[PDB]
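Encoded as structure tokens, the structure appears first; notes follow it.
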Amino acid sequence: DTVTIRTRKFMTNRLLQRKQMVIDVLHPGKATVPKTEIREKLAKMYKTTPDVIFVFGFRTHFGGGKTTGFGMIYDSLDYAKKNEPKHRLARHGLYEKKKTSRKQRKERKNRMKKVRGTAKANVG
Amino acid sequence: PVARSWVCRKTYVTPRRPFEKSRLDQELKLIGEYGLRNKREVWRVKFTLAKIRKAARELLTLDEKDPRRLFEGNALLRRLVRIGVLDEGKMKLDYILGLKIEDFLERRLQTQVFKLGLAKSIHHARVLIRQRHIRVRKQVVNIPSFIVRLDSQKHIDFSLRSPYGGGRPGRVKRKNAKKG
Amino acid sequence: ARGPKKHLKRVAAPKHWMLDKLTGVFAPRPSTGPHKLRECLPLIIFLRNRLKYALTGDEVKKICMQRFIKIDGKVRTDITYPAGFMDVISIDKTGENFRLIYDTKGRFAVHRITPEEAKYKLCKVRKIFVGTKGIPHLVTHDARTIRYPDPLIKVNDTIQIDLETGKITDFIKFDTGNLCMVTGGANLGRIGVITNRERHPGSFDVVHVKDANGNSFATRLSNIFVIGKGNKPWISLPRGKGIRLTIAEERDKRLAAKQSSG
RNA sequence: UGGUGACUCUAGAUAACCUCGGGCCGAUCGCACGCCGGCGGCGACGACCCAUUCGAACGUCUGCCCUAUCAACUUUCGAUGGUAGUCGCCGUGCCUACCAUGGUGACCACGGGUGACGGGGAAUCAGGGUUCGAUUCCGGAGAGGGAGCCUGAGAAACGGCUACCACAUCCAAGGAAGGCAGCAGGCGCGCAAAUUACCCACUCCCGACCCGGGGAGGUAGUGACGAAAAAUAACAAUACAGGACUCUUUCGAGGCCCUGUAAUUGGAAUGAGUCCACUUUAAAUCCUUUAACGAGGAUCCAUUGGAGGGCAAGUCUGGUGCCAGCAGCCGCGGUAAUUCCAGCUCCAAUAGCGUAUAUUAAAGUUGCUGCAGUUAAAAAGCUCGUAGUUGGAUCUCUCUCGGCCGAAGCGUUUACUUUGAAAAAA
RNA sequence: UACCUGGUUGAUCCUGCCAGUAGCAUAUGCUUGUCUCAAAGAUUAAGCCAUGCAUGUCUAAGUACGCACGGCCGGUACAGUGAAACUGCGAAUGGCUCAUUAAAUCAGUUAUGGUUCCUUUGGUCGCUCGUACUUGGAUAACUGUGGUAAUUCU
């Protein structure tokens, strides 16, 4: 067969400007559908652009029948960029995290703790 | 402090006398008849039966109209008839003490696959269930100890992807076809 | 041991919050406020666990800092704000108003009220005292002080408060025959008409309450909250009308509903 | 005025006082428009006082392991009480002055011991119990040992300070600087315990704060502490074996069912593994999902203890010959060793099994339930006697205002029993 | 599952203990294919610690004449972003360990009418009879001159 999408626990959250739902994906003989194809399917189902649709947490049931995950369709892309976790934005190429590791930041902070004034900017 | 849970329990009891001849013979009879792997499966079913018997025995000392006796005994009886161990005609607390270990061993998915004819022998049934060939309703079940409820007995099919029921030959058949 | 504590362990959190045991070590320690720590519901619990508008506490913060939440007519931006009994939670963005009424299992039920009923609340008065050149003050269970109350309002009565002004509009005396809800103890959340009050000087008075179905229970005097005058409540009751069902009756009702509808 | 069971409460009134180290009545900031030199709406921040929100502190009642080879203890070093004060946030011998001579104890005071932090709880347990609880929840205490403090609402704080004691660091010898019983990691100790990893995505906490931070916490690495599920084969044809809930003058047809070191043969099934794309997730850090390859000695080879009894299973064979060794106990071994060293075979549990120690049941061998004391261990030489323990019969709607109860009260008290309230979760 | 068995004797019945038997918790030995949950320097040394990290924090709304960036007219008092520094808050929570501790801690009960309370929340906040269209002096950050082998010294 082909991939089927259903949206179980649909809810309209006006407080975060979105619609949040549970997505069931029927792929009876395929690997777990990539999040992008599910996003295109949801965009077709809800008559919107697939750039305001964030899906995550997809678990495939034992035996290979279906997959269950969560999805959220935002009112616009700016509302998405405002209400979204930064990692789900980075999964769409809309956000880039810092490069430094925790260790570098912590040691740099402790190094600046040992100087006073503008010399703090001269550490690191 | 961790967000984890340490709740766990053992599901069997090791017998007091390790080398009782009659006990060994009976346990081997059960293992051979139901195709179990070791004595721990026999002891596990024994432990569940013993706990059910203990609950029933405690509830039989209460007054026949004690609300806790009514609620808990009705729940226990409904559970026992749900998995088909107890006939719904015999739904008194005193009939719980009449159940044997083989009534609980009969409801295993291995035994049910053997009985419904999907397998030629009980060991064949075990290897079938363990090899993702048997599904209950729409769920592939790999666990031979799966206790089948009464409402689930009618739906034990042969899986929709198994070579025996779904229509895709296995590795051996495909390789032999590729040989010629 | 030195100074106040600021954390609340998940297993040490009140049971009526219905929190998990695997979602982190900690629970939202409610901020100080009108209601006690164990007799409240933090806004994060209400928004995320009950209404499920937010999946995480960060989304609760995102909701609250948009000023979409009001409690008793005031916009509250603290996600651990303790909202307690009788409190009115207004969400004008979604146009819905809730009142925190105990469920019969002693838990805060998600109870929806009309916008007309969100304009007021009931408050159990905790003390009356004259102070500051003869001005009489009244302190309720919200820890809110009202000057110049009606002279007939005494302790343990119930006053109706207009939230916009905060002034008393009416009151019910704590008298035999007035409807009351139990706010503490084993009988928490139960609603019935007061039938007796056995006074124990120097100790806790015991109030006997008769439920609408005839069941009779008792509580301490500090656990009674008069709802209305006579059998008529002054607020809309939750899905259950305060009538506790025995576990057998609950099981029978669930089975009958399953058979009837599915 | 008001309140409590109860105030020397709250409120009111009068004569005054008000700390040089006097206290309240805003010289503060942002955003929008607005009408005469006007009057303003919405917030942010900051005082004072009142209001158990969060607490803290200090009291009541009951409950705490062993020990008499600890029977008297405390009263100069306040011991118990009274009066006045000091100090303290307050009650109080908390301290001081004076007065009294008290206070505790076989119903175990005082002293000693504790591989003693207390509790929720854990193991075991027919009923009764016996042991354990450093350990993630609550309470306490400490931050090398003592002691003293600063700041502050809150600390006698130690990822704060001051000093001494012990240890130890850099020194240009003038000085300076320490505190892992936080997370990793190292040494030492020992029978005995993991990575100097990733991240604030979750749970929450802190801050001026929607934004920053968090070795709290999460996530992985090591992991046979432990717990759950669960492979190491299934089927068929073919010797043969037996029965025969099948047919016949023993006979035999035994595919009419079920076994069987048959390394027989035959095709099917599949995951351990290697690999790909997803999915997972803060980051593929597994599980799940799809796909490729992946079993005949399916060498893709299950082990740990045993075979006289207790106790399941060989007085089979070879070796040793009271030796070596086995053996928890009884015992085996000095030329057929059922017991040692081995081969074969067998059985017990099985991804687990053996051993040492502590502990529970067994132990009705600590006995309350529930043991014993003529002779097996044991009744004091005998009598008196205070605590202690036990103690014969009997004795058959409580008054009110409001004379339908909407409504009363003091009925000798306790134990006991039933009920009700209150009583963290895990 | 309210259970026993071997061992004193030539043999017997006992007392009685030893030994066996099952769980549990530490250590250890041999062995280990899959998968889930999970304990883990407690015991002896509350013994000693190299190194790194573990507590910091700014909104429209305390103080911005750091071009360190910055433009819109730029002798517009202050466009704006913003390190530093002063100010405020927190650092008394959390985490660790179990040394001390035997009516002590702790548990249940009750009390504070015998006290303290940052913060939150609700009130009071022109109640006082005698330049205000806004007062005073420092001080940081910044510039510049140094001292000590050495410090988060100054």
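Naming scheme: A, B, ... for chains in displayed order of the structure tokens; residues 1 onward per chain; ligands 1 onward as shown.
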
(request) Compile the residues of chain C that lie within 8 Å of chain D, evaluated using only C-alpha atoms (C1' of nucleotides), and express the compilation as a count of residues only. (result) 45

(request) Please report as a PyMOL selection string which residues of chain E come no farther than 10 Å from chain A, using only C-alpha atoms (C1' of nucleotides). (result) chain E and resi 52-53+66+83-85+141-142+151-152

(request) Write down, as JSON, numbers by chain, each residue of chain D that has any atom within 9 Å of an atom of chain B, counting only C-alpha atoms (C1' of nucleotides). (result) {"D": [136, 203, 217, 227, 228, 229, 230, 231, 233, 234, 235, 268, 269, 270, 271, 311, 312, 348, 349, 350]}

(request) Can you list, as an MDAnalysis selection string, all residues belonging to stretch 153-232 of chain C that DSSP tags as strand (DSSP E)? (result) chainID C and resid 158:162 168:172 179:182 191:198 206:211 216:220 224:228

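Remark: for residue B:134, the closest of the candidate residues A:91, A:84, A:63, A:98 is A:63 (distances computed over only C-alpha atoms).
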
Could you give me, as a tab-separated table, every chain E residue with an atom at most 8 Å from chain C, plus its closest atom pair and distance in Å to one decimal, counting only C-alpha atoms (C1' of nucleotides), rows ordered by chain then number?
```
residue	atom	partner	partner_atom	distance
E:92	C1'	C:2	CA	4.6
E:93	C1'	C:6	CA	5.4
E:94	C1'	C:7	CA	7.8
E:119	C1'	C:32	CA	7.6
E:120	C1'	C:32	CA	4.4
E:121	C1'	C:33	CA	4.9
E:122	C1'	C:144	CA	3.7
E:123	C1'	C:145	CA	5.2
```

Could you take the residues named above and write them with N, CA, C and O atoms (P, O5', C5', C4', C3', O3' and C1' of nucleotides), as a PDB file, in the first residue's frame?
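Resulting contents of again16.pdb:
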```
ATOM      1  P     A E  92      25.074  29.756  49.920  1.00  0.00           P
ATOM      2  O5'   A E  92      23.877  30.109  50.898  1.00  0.00           O
ATOM      3  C5'   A E  92      22.603  29.515  50.722  1.00  0.00           C
ATOM      4  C4'   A E  92      22.073  28.974  52.017  1.00  0.00           C
ATOM      5  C3'   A E  92      20.564  28.808  52.073  1.00  0.00           C
ATOM      6  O3'   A E  92      20.261  27.775  53.008  1.00  0.00           O
ATOM      7  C1'   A E  92      21.220  30.354  53.697  1.00  0.00           C
ATOM      8  P     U E  93      20.442  26.226  52.632  1.00  0.00           P
ATOM      9  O5'   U E  93      19.539  26.049  51.345  1.00  0.00           O
ATOM     10  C5'   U E  93      18.140  26.250  51.410  1.00  0.00           C
ATOM     11  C4'   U E  93      17.524  26.139  50.046  1.00  0.00           C
ATOM     12  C3'   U E  93      17.786  24.838  49.316  1.00  0.00           C
ATOM     13  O3'   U E  93      16.948  23.780  49.741  1.00  0.00           O
ATOM     14  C1'   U E  93      18.230  26.631  47.866  1.00  0.00           C
ATOM     15  P     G E  94      17.557  22.315  49.990  1.00  0.00           P
ATOM     16  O5'   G E  94      18.243  21.943  48.607  1.00  0.00           O
ATOM     17  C5'   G E  94      17.458  21.650  47.463  1.00  0.00           C
ATOM     18  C4'   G E  94      18.287  21.664  46.207  1.00  0.00           C
ATOM     19  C3'   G E  94      19.278  20.530  46.050  1.00  0.00           C
ATOM     20  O3'   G E  94      18.677  19.332  45.600  1.00  0.00           O
ATOM     21  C1'   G E  94      20.347  22.559  45.551  1.00  0.00           C
ATOM     22  P     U E 119      10.326  42.218  50.934  1.00  0.00           P
ATOM     23  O5'   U E 119       9.988  40.994  49.979  1.00  0.00           O
ATOM     24  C5'   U E 119      10.715  40.782  48.780  1.00  0.00           C
ATOM     25  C4'   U E 119      10.366  39.456  48.152  1.00  0.00           C
ATOM     26  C3'   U E 119       8.928  39.299  47.694  1.00  0.00           C
ATOM     27  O3'   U E 119       8.685  39.886  46.429  1.00  0.00           O
ATOM     28  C1'   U E 119       9.559  37.400  48.932  1.00  0.00           C
ATOM     29  P     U E 120       7.374  40.776  46.194  1.00  0.00           P
ATOM     30  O5'   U E 120       6.207  39.709  46.038  1.00  0.00           O
ATOM     31  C5'   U E 120       6.262  38.705  45.038  1.00  0.00           C
ATOM     32  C4'   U E 120       5.167  37.693  45.232  1.00  0.00           C
ATOM     33  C3'   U E 120       3.763  38.260  45.349  1.00  0.00           C
ATOM     34  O3'   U E 120       3.177  38.517  44.089  1.00  0.00           O
ATOM     35  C1'   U E 120       4.134  36.685  47.072  1.00  0.00           C
ATOM     36  P     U E 121       2.282  39.826  43.862  1.00  0.00           P
ATOM     37  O5'   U E 121       0.984  39.548  44.728  1.00  0.00           O
ATOM     38  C5'   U E 121       0.121  38.471  44.415  1.00  0.00           C
ATOM     39  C4'   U E 121      -0.939  38.314  45.469  1.00  0.00           C
ATOM     40  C3'   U E 121      -1.618  39.597  45.901  1.00  0.00           C
ATOM     41  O3'   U E 121      -2.638  40.010  45.013  1.00  0.00           O
ATOM     42  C1'   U E 121      -0.968  38.383  47.807  1.00  0.00           C
ATOM     43  P     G E 122      -2.859  41.570  44.724  1.00  0.00           P
ATOM     44  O5'   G E 122      -3.790  42.037  45.920  1.00  0.00           O
ATOM     45  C5'   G E 122      -4.978  41.326  46.217  1.00  0.00           C
ATOM     46  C4'   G E 122      -5.559  41.746  47.539  1.00  0.00           C
ATOM     47  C3'   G E 122      -5.475  43.221  47.863  1.00  0.00           C
ATOM     48  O3'   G E 122      -6.436  44.000  47.180  1.00  0.00           O
ATOM     49  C1'   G E 122      -4.837  41.979  49.750  1.00  0.00           C
ATOM     50  P     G E 123      -6.305  45.598  47.176  1.00  0.00           P
ATOM     51  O5'   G E 123      -7.041  46.027  48.516  1.00  0.00           O
ATOM     52  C5'   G E 123      -6.679  47.219  49.183  1.00  0.00           C
ATOM     53  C4'   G E 123      -6.762  47.062  50.677  1.00  0.00           C
ATOM     54  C3'   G E 123      -6.292  48.262  51.472  1.00  0.00           C
ATOM     55  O3'   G E 123      -7.280  49.264  51.580  1.00  0.00           O
ATOM     56  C1'   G E 123      -5.271  46.328  52.329  1.00  0.00           C
TER      57        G E 123
END
```

(message) Let's see if you can do this: from backbone DSSP, list all alpha helix (DSSP H) residues in stretch 40-159 of chain C, as number ranges by chain.
(response) C: 43-44, 57-64

For the selection you just gave me, I'd like the residues written to a file as an mmCIF file, in the first residue's frame, keeping C-alpha atoms.
```cif
data_model
loop_
_atom_site.group_PDB
_atom_site.id
_atom_site.type_symbol
_atom_site.label_atom_id
_atom_site.label_comp_id
_atom_site.auth_asym_id
_atom_site.auth_seq_id
_atom_site.Cartn_x
_atom_site.Cartn_y
_atom_site.Cartn_z
ATOM 1 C CA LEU C 43 -0.485 27.932 36.879
ATOM 2 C CA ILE C 44 2.017 25.672 35.108
ATOM 3 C CA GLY C 57 7.068 24.459 31.070
ATOM 4 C CA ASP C 58 8.783 26.719 28.555
ATOM 5 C CA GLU C 59 5.584 26.901 26.522
ATOM 6 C CA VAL C 60 3.742 27.725 29.745
ATOM 7 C CA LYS C 61 6.143 30.641 30.144
ATOM 8 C CA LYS C 62 5.487 31.633 26.525
ATOM 9 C CA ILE C 63 1.733 31.609 27.206
ATOM 10 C CA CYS C 64 1.980 33.536 30.464
#
```

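Using only C-alpha atoms, we find that the part of chain C lying within 7 Å of chain A comprises residues 53, 63, 93 and 94 of chain C.
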
Could you save the residues just selected, with N, CA, C and O atoms, as a PDB file, in the first residue's frame?
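Ended up saving to again_37.pdb:
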```pdb
ATOM      1  N   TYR C  53      -2.556  23.018  27.022  1.00  0.00           N
ATOM      2  CA  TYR C  53      -2.227  24.037  26.035  1.00  0.00           C
ATOM      3  C   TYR C  53      -0.738  24.097  25.759  1.00  0.00           C
ATOM      4  O   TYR C  53      -0.334  24.574  24.695  1.00  0.00           O
ATOM      5  N   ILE C  63       3.137  31.229  27.060  1.00  0.00           N
ATOM      6  CA  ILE C  63       1.733  31.609  27.206  1.00  0.00           C
ATOM      7  C   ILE C  63       1.593  32.750  28.200  1.00  0.00           C
ATOM      8  O   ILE C  63       0.927  33.755  27.933  1.00  0.00           O
ATOM      9  N   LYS C  93      -8.203  35.392  25.335  1.00  0.00           N
ATOM     10  CA  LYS C  93      -7.794  35.054  23.978  1.00  0.00           C
ATOM     11  C   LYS C  93      -8.598  33.876  23.446  1.00  0.00           C
ATOM     12  O   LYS C  93      -9.079  33.902  22.308  1.00  0.00           O
ATOM     13  N   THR C  94      -8.767  32.840  24.257  1.00  0.00           N
ATOM     14  CA  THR C  94      -9.643  31.735  23.904  1.00  0.00           C
ATOM     15  C   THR C  94     -11.057  31.927  24.428  1.00  0.00           C
ATOM     16  O   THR C  94     -11.924  31.093  24.151  1.00  0.00           O
TER      17      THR C  94
END
```

Contacts from chain A to chain D, 9 Å maximum, only C-alpha atoms (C1' of nucleotides): show me the residue list as a PDB file with N, CA and C atoms, in the first residue's frame.
```
ATOM      1  N   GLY A  29       4.400  -1.494   4.780  1.00  0.00           N
ATOM      2  CA  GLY A  29       5.564  -2.256   4.377  1.00  0.00           C
ATOM      3  C   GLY A  29       6.795  -1.427   4.087  1.00  0.00           C
ATOM      4  N   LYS A  30       6.887  -0.244   4.684  1.00  0.00           N
ATOM      5  CA  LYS A  30       7.978   0.683   4.433  1.00  0.00           C
ATOM      6  C   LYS A  30       8.696   1.015   5.732  1.00  0.00           C
ATOM      7  N   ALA A  31       9.860   1.643   5.597  1.00  0.00           N
ATOM      8  CA  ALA A  31      10.547   2.183   6.755  1.00  0.00           C
ATOM      9  C   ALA A  31       9.775   3.377   7.297  1.00  0.00           C
ATOM     10  N   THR A  32      10.127   3.792   8.511  1.00  0.00           N
ATOM     11  CA  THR A  32       9.452   4.930   9.118  1.00  0.00           C
ATOM     12  C   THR A  32       9.556   6.139   8.203  1.00  0.00           C
ATOM     13  N   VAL A  33       8.410   6.738   7.894  1.00  0.00           N
ATOM     14  CA  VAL A  33       8.372   7.791   6.875  1.00  0.00           C
ATOM     15  C   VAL A  33       9.207   8.975   7.339  1.00  0.00           C
ATOM     16  N   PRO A  34      10.038   9.568   6.484  1.00  0.00           N
ATOM     17  CA  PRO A  34      10.800  10.745   6.902  1.00  0.00           C
ATOM     18  C   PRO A  34       9.869  11.874   7.299  1.00  0.00           C
ATOM     19  N   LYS A  35      10.330  12.693   8.243  1.00  0.00           N
ATOM     20  CA  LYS A  35       9.490  13.774   8.741  1.00  0.00           C
ATOM     21  C   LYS A  35       9.074  14.718   7.625  1.00  0.00           C
ATOM     22  N   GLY A  57       8.937  13.392  17.539  1.00  0.00           N
ATOM     23  CA  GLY A  57       8.612  12.322  18.459  1.00  0.00           C
ATOM     24  C   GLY A  57       7.904  11.141  17.834  1.00  0.00           C
ATOM     25  N   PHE A  58       8.415  10.656  16.709  1.00  0.00           N
ATOM     26  CA  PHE A  58       7.759   9.598  15.957  1.00  0.00           C
ATOM     27  C   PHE A  58       8.289   8.240  16.394  1.00  0.00           C
ATOM     28  N   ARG A  59       7.413   7.429  16.972  1.00  0.00           N
ATOM     29  CA  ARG A  59       7.745   6.091  17.433  1.00  0.00           C
ATOM     30  C   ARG A  59       7.003   5.077  16.578  1.00  0.00           C
ATOM     31  N   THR A  60       7.728   4.096  16.052  1.00  0.00           N
ATOM     32  CA  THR A  60       7.120   3.039  15.256  1.00  0.00           C
ATOM     33  C   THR A  60       6.737   1.875  16.156  1.00  0.00           C
ATOM     34  N   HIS A  61       5.514   1.388  15.992  1.00  0.00           N
ATOM     35  CA  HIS A  61       5.046   0.271  16.794  1.00  0.00           C
ATOM     36  C   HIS A  61       5.791  -1.004  16.426  1.00  0.00           C
ATOM     37  N   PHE A  62       5.912  -1.899  17.403  1.00  0.00           N
ATOM     38  CA  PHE A  62       6.493  -3.209  17.153  1.00  0.00           C
ATOM     39  C   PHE A  62       5.673  -3.950  16.106  1.00  0.00           C
ATOM     40  N   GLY A  63       6.358  -4.594  15.169  1.00  0.00           N
ATOM     41  CA  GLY A  63       5.716  -5.284  14.081  1.00  0.00           C
ATOM     42  C   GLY A  63       5.694  -4.514  12.779  1.00  0.00           C
ATOM     43  N   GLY A  64       5.912  -3.205  12.825  1.00  0.00           N
ATOM     44  CA  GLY A  64       6.106  -2.425  11.627  1.00  0.00           C
ATOM     45  C   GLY A  64       4.871  -1.812  11.020  1.00  0.00           C
ATOM     46  N   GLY A  65       3.742  -1.849  11.709  1.00  0.00           N
ATOM     47  CA  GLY A  65       2.528  -1.322  11.129  1.00  0.00           C
ATOM     48  C   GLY A  65       2.547   0.178  10.937  1.00  0.00           C
ATOM     49  N   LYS A  66       2.537   0.923  12.037  1.00  0.00           N
ATOM     50  CA  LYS A  66       2.315   2.356  11.989  1.00  0.00           C
ATOM     51  C   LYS A  66       3.363   3.079  12.821  1.00  0.00           C
ATOM     52  N   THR A  67       3.287   4.402  12.779  1.00  0.00           N
ATOM     53  CA  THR A  67       4.131   5.289  13.559  1.00  0.00           C
ATOM     54  C   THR A  67       3.240   6.335  14.208  1.00  0.00           C
ATOM     55  N   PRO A  85      10.721  25.704  19.850  1.00  0.00           N
ATOM     56  CA  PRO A  85      12.036  25.335  20.377  1.00  0.00           C
ATOM     57  C   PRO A  85      13.099  25.509  19.309  1.00  0.00           C
ATOM     58  N   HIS A  87      15.732  23.900  18.590  1.00  0.00           N
ATOM     59  CA  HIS A  87      16.225  22.717  17.896  1.00  0.00           C
ATOM     60  C   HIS A  87      15.275  22.286  16.787  1.00  0.00           C
ATOM     61  N   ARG A 102      30.637  23.506  26.077  1.00  0.00           N
ATOM     62  CA  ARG A 102      30.402  23.975  27.438  1.00  0.00           C
ATOM     63  C   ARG A 102      31.714  24.235  28.155  1.00  0.00           C
TER      64      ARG A 102
END
```
